[PDB]
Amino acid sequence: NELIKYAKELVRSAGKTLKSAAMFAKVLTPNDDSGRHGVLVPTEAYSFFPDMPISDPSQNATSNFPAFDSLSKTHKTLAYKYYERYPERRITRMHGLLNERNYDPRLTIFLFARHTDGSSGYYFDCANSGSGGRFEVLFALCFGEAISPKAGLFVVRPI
């Protein structure tokens, strides 16, 4: 299974071994980027991310969460933003690869894994369609070979 091999490889790159995992993968829309606009989180994907209490829906809120950045192979802190005026939620502080706009389509993959040692954690990977890019291979693993990539398209599902 090419998706399971990928997920296991991503966890092992952080020095853990995968017990189980969930994935949220999103083909970005042109407005999305690393954080000036962030990656907009579809409502159906809120439950994939950590609980962020919104104590007052009339006020902005913000949470951090740790995530292993696959491109840099280092642990990072992402920001999970609630902006009340829309209302909507964004991820920001992602890898700067996402800022380059001339190589669409772009993909983000988030993986939440339970580890065999009883720990758990988030993982992030991303890609575009430029020369040497990884969009096609990653899109095929997350979504299959039969469906068309489409800006905004996303999947949330167990591994």
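Position 1 is the first residue in the sequence shown; the rest follow in order.
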Looking at the entry, does 21 to 29 or 143 to 151 show the higher mean C-alpha B-factor?
143 to 151
Comparing 125 to 133 with 33 to 41, the higher average Cα temperature factor in the PDB entry belongs to 125 to 133
For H115, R106, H95, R90, the deposited C-alpha B-factor is largest at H115
One of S70, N99, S58, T62 has the largest Cα B-factor in the entry, namely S58
CA B-factor placement of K81, once the chain's modelled residues are sorted into thirds:
lowest
